[PDB]
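Each protein sequence line maps, in turn, to chains A and B. Whatever position you read off the first sequence (first residue = 1), add 334 for full-length UniProt numbering. Whatever position you read off the second sequence (first residue = 1), add 518 for full-length UniProt numbering. Please read the structure below before turning to the comments.
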Amino acid sequence: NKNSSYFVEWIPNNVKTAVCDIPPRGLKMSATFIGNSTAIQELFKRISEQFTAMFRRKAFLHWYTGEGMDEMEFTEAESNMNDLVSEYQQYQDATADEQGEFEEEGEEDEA
Amino acid sequence: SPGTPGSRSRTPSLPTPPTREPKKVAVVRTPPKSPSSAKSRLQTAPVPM
């Protein structure tokens, strides 16, 4: 109710609870949280950008290939980290909708 | 190296025909009716004069 926009709307109801009867050591009660927000897209968008800030200039790269790598291995993995940002882009700001797109009944009035 | 490899499908597209609507919604006709029959009935004399 207080935060309705900060749920994804195609996941109507979003919470999974567990209750153990026992606290940890300390105070009478505590609660652990685990979140899955598209917000973390701002973790990957940073590292891909700082990868790009090393990769063209090739700085340090000789030590990675040196132990064993080809340049293709970096190039599929940064591309991976771009594909994952596009998964969050697919799954951010999308709506509550039906199985597939569909066309409505129009205006046809000509007579 | 090119970062999008050749190992990957590159199937080129086709002439797909035009799109028909999802639903017809053609007009309906009302079904027919005749009136309800009485079930409990009027009866004649079983006995004469």
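Each residue gets a CB set at the ideal place from its N, CA and C atoms; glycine is no exception.
Does the beta carbon of residue 521/B sit closer than 7 Å to a beta carbon anywhere in chain A? yes
If I measure Cβ to Cβ from residue 402/A and keep anything under 8 Å in the same chain, skipping five residues before and after, which residues do I get? none
Taking 8 Å as the threshold, find out whether the stretch 372-379 of chain A comes into contact with the stretch 404-421 of chain A through three or more Cβ pairs. yes
Proximal residues to residue 357/A (C-beta, below 7 Å), its chain only, five neighbours per side dropped: 363, 364
At 7 Å on the CB atoms, spell out the chain A contacts of residue 540/B, in chain order. 436, 437
Can you tell me whether DSSP reads residue 351/A as helix, strand or coil? coil
Top-ranked residue by Cα proximity to residue 541/B, from 437/A, 338/A, 392/A: 437/A
Please work out which residues of its chain come closer than 7 Å, Cβ to Cβ, to residue 400/A, disregarding the five sequence neighbours upstream and downstream, and give them in chain order. none
Is the CB of residue 376/A under 7 Å away from at least one CB in chain B? no
Give a yes or no on whether the minimum CB-CB distance between residue 382/A and chain B is below 7 Å. no
Helix, strand or coil for residue 340/A? Go by DSSP, reduced to three states. helix
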